[PDB]
Number of protein chains: 2
Amino acid sequence: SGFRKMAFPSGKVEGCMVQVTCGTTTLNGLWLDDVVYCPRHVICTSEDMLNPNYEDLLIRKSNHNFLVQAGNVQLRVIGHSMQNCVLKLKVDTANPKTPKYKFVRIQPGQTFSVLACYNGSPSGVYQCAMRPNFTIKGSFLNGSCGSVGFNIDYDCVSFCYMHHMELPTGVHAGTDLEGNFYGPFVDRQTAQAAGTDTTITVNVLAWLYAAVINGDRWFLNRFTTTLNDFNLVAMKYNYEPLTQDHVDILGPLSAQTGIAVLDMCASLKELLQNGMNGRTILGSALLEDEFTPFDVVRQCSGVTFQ
Amino acid sequence: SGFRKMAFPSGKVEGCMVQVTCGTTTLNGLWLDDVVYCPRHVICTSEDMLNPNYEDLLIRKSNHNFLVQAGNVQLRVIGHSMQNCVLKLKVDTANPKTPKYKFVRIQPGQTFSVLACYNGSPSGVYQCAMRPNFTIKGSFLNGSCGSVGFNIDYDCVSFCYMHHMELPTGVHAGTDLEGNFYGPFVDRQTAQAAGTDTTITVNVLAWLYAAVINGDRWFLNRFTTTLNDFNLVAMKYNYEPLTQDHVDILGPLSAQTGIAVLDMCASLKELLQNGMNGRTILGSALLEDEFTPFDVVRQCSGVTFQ
Ligand SMILES: *C(=O)[C@H](C[C@@H]1CCNC1=O)NC(=O)[C@H](CC(C)C)NC(=O)c1cccc2cccnc12
Ligand SMILES: *C(=O)[C@H](C[C@@H]1CCNC1=O)NC(=O)[C@H](CC(C)C)NC(=O)c1cccc2cccnc12
């Protein structure tokens with residue numbers, strides 16, 4: 001028993017991280033086959049970041065202006081291109097540690113592990129969620145750029161996130177591996193509105209099912225509700241509306257615990273309307289929404305990788 | 001900026017995990033050089049676990065009764081010995097992925113990353129602390145045994161924990177890599193008292209310094225206190241007493257933030273006496289004690305490994 005905010009084992013991603021240097025700028029790159037992927041703002045100076053014309057900047061750069069280092073050894077860059085907000089550096093050697101991999105663009109609410117790196121070396125690994133407003137609440141310092149978020153499935157790594165930017169409000173924004181930002185954000189040192197964040201209702205419900213599985217169930221109430229009635233309460237407390245899809249996805253946890261989804265919704269309703277009243281759920285004094293139903297099933301059944 | 005419960009990159013430990021089978025029992029082993037380390041209760045049946053004579057049980061076993069599997073390949077066991085509560089299986093092949101490593105016995109309050117494994121394959125990685133009462137609040141299912149906790153320093157892995165047991169109260173207990181349990185616990189299916197847990201005061205203080213570094217500082221009060229006066233309040237709320245050692249260890253965070261330790265103690269005092277009043281600190285509605293001062297400095301300065 002027990003429930004932790006568990007990250008994927010990082011080993012497969014560790015072997016892909018490299019350092020990319022251009023001018024005075026250094027950040028992390030992801031080396032897969034004979035391509036290195038990194039944020040295109042590697043080509044910028046602090047001055048350029050105010051208002052970069054990335055086309056104009058990249059034109060000044062040649063293959064040899066990109067130093068890629070994997071440990072001690074230099075990779076030779078024989079080609080470069082800009083796809084959206086990422087730079088693709090073709091190198092002459094294939095990464096011998098390349099895992100089976102996909103690029104995926106995940107939906108709001110989904111979760112992944114971040115491998116936080118500096119100078120192409122990992123510092124740590126943590127689990128986080130793509131917020132409804134397409135930001136993440138990560139842990140990123142100067143030089144963290146190029147760090148990636150990912151999911152593993154048996155032996156296949158699914159890369160979903162590359163870190164590009166901390167907003168003025170201290171929250172984090174980035175792209176998929178095709179370099180398309182999550183959300184409205186641009187790679188420019190400018191004030192940028194993230195917009196209203198919302199709580200990921202289905203994830204909270206998943207986490208409540210986790211709590212019941214692990215014996216924590218004081219919050220189970222005598223009430224039920226409807227999807228509409230619940231949603232009225234959801235909008236008030238800045239929760240995402242609950243669909244039959246979300247209800248369907250919770251089916252397994254409902255089947256394992258014998259608690260109907262709408263009964264758990266009623267319990268959740270009461271927690272929102274009355275607060276948690278000084279008590280805790282799975283060591284938390286607030287409603288956690290960083291666990292997808294899939295995360296709960298993974299953790300509580302001990303699914304393995306490699 | 002931002003602050004996460006970050007685990008170490010697990011890659012170096014992934015390459016050490018193996019499956020150990022004896023009779024019908026299977027659990028995780030740690031393969032370092034030509035030795036595999038695993039819990040000695042691998043030799044038990046469900047019946048034996050009530051009251052095992054480990055000496056008597058092990059005597060019935062020979063080298064060939066231990067199947068060690070690293071992926072597809074079998075390791076050949078050419079020797080076995082019992083050190084305290086761990087079994088050491090000498091194998092004929094050295095692990096080619098052996099990292100630079102130490103065995104350390106950590107103190108209460110210190111932190112480490114757990115790599116949760118099943119059948120010698122990792123499921124996930126999370127950060128936790130050795131509770132003052134020598135338990136850990138982990139995430140462990142049947143078959144999780146042999147899973148290890150560790151710290152990394154540049155390229156050296158320091159193994160501090162091997163998982164052996166979930167207590168009836170759903171908390172977790174284990175040994176160092178020399179097989180000596182943390183705390184009073186024995187490897188027997190019996191009711192076992194963990195004793196009163198306490199909050200790791202120095203870690204809470206560290207985390208408050210982290211909070212100030214990351215702009216969260218509403219909790220900063222107008223008051224100061226003494227070490228004695230603070231400690232009086234500490235004992236009341238089940239906090240560990242604060243020593244000059246702990247004050248000394250917080251020095252760096254005090255120097256970075258310009259907040260004297262005893263002023264932060266006063267702030268902490270007020271949070272304990274008045275509660276958090278519906279507000280949050282670094283996304284938490286309670287006082288986190290799983291971050292050592294070293295963890296805070298690591299995270300907030302982006303220290304790397306490999
Ligand atoms: C990447 O290495 C670095 C990571 C930042 C630095 C502080 N924490 C992080 O997560 N990114 C940048 O250098 C980045 C460049 C963007 C504009 C492409 N700049 C920012 O992340 C950044 C920092 C502070 C304030 C603002 C405001 C607007 C845009 N970007 C900002
Ligand atoms: C290891 O694979 C397994 C992990 C346990 C199983 C449930 N979650 C875990 O963390 N350990 C055991 O099989 C273990 C054997 C001990 C006695 C050496 N038994 C327990 O961990 C266990 C489970 C429930 C209740 C009790 C009560 C007393 C002792 N051990 C218990």
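For ligands, and for the atoms within them, numbers begin at 1 and follow the listed sequence. Values below: every heavy atom of this structure, side chains too, minus hydrogens, waters and symmetry copies. Order of the sequence lines fixes the chain letters, A, B, ..., with proteins taken first and strands second; residue numbering starts at 1 for each chain.
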Report yes if some N/O of B/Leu27 lies less than 3.5 Å from some N/O of ligand 2; otherwise report no. no

Enumerate the atoms of ligand 1 whose separation from the nearest heavy atom of A/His172 is less than 4.0 angstrom. 10 (O)

Short N or O distance, A/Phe140 and ligand 1, threshold 3.5 Å exclusive: yes

Taking only non-hydrogen atoms of A/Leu141, do any sit less than 4.0 angstrom from ligand 1? yes

For the pair B/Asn28 (side chain) and B/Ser144 (backbone), establish whether a donor and an acceptor sit closer than 3.5 Å, ignoring hydrogens and angles. yes

Given the ring of A/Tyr54, does A/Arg40 sit roughly above its face, with NZ or CZ under 6.0 Å from the centre of the six-membered ring and within 45° of the axis? yes

In this structure, atom 11 (N) of ligand 1 is nearest to the protein heavy atom A/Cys145 SG, 2.9 Å

For the backbone of B/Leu115 and the side chain of B/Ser10, can you confirm whether one donor and one acceptor N or O come within less than 3.5 Å of each other? no

Looking at A/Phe291, I'd like to know if the NZ or CZ of A/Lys5 sits under 6.0 Å from its six-membered ring centre while staying within 45 degrees of the ring's axis. yes

A/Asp187 heavy atoms within 4.0 Å reach ligand 1 at atoms 18 (C)

Atoms of ligand 1, numbered as shown, that sit under 4.0 Å from any heavy atom of A/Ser144: 2 (O), 4 (C), 10 (O)

Output the list of atoms in ligand 1 that are nearer than 4.0 Å to some heavy atom of A/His41, sorted by atom number. 18 (C)

Give the atom numbers and elements of ligand 1 that come within less than 4.0 Å of a heavy atom of A/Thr190. 28 (C), 29 (C)

Polar-atom distance check: B/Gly143 versus ligand 2, any N or O pair below 3.5 Å? yes

Closest protein heavy atom to atom 19 (N) of ligand 1, given as residue, atom name and distance to 0.1 Å: A/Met165 CG, 4.5 Å

Got the closest protein heavy atom to atom 25 (C) of ligand 1, with its distance? A/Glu166 O, 3.7 Å

Pairwise distance CZ(A/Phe134) to CD1(A/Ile106) - rounded to 0.5 angstrom: 9.5 Å

Exactly one candidate in A/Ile43, A/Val36, A/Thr21, A/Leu75 meets side chain to side chain contact (heavy atoms under 4.5 Å, CB included) with A/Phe66; the answer is A/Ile43

Donor-acceptor under 3.5 Å (B/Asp216 side chain, B/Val212 main chain): no

Is the terminal nitrogen or CZ of A/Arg105 (NZ for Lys, CZ for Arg) located under 6.0 angstrom from the six-membered ring centre of A/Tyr182 and within 45° of that ring's axis? yes

Using a 3.5 Å cut-off on N or O atoms only, is A/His163 in polar contact with ligand 1? yes

Identified side chain to side chain contact (heavy atoms under 4.5 Å, CB included) counterpart of A/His41 within the set A/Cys145, A/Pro52, A/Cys85, A/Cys22: A/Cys145

Who's closest to atom 14 (C) of ligand 2 heavy-atom-wise, of B/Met49, B/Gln189, B/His164? B/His164

Considering only non-hydrogen protein atoms, determine which one is nearest to atom 29 (C) of ligand 1 and report residue, atom name and distance to 0.1 Å. A/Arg188 O, 3.4 Å

Verify whether the ring centers belonging to A/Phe103 and A/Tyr37 lie closer than 6.0 Å. yes

